[PDB]
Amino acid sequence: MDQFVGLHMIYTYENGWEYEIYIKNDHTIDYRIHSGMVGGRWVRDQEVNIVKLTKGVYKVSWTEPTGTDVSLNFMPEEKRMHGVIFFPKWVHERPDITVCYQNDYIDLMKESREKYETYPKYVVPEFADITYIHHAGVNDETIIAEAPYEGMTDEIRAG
């Protein structure tokens, strides 16, 4: 677990969606979505379950204020990951509602998830290629601290 906790990664799913994650500590992540259905969305201080399945394979799972459920597996040695995201129907129907700095709009997310339809869920299971991976250390509050913008991931990769 000490090899995984503290990792800062960018990855592109096979559907082309580019995501950025920071494993801030053994039960918390920050993340930033750069493209795809909810590009522009970003989140800090998401509580998560993190386990090591076996040598080189980790699992990060959580549920969100929107109702979305997520289970990710990371294979850092192979620069691969796989994610399954279970979106409530309303998120698929109105992804714009969730596209914000979520921490400023928690009440809106919870209000929406009670007021709109949940079923059937829109489930997205895909592999992704890890294109950036760095051990950034634990509890660095500055890694993910602004909204995503065009070209940001190239900047991060360029150093």
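Note that residue numbering follows the sequence shown and begins at 1.
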Which wins on mean Cα temperature factor, 96-104 or 111-119? 111-119
Output the stretch having the higher mean C-alpha B factor in the entry; the candidates are 149-157 and 4-12. 149-157
Sorting by Cα B-factor within the chain, modelled residues only, which third would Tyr19 end up in: lowest, middle or highest? middle
Temperature factor at the Cα of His34, chain-ranked in thirds, falls in the middle
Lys52: C-alpha B-factor third of its chain, per the entry, is the middle
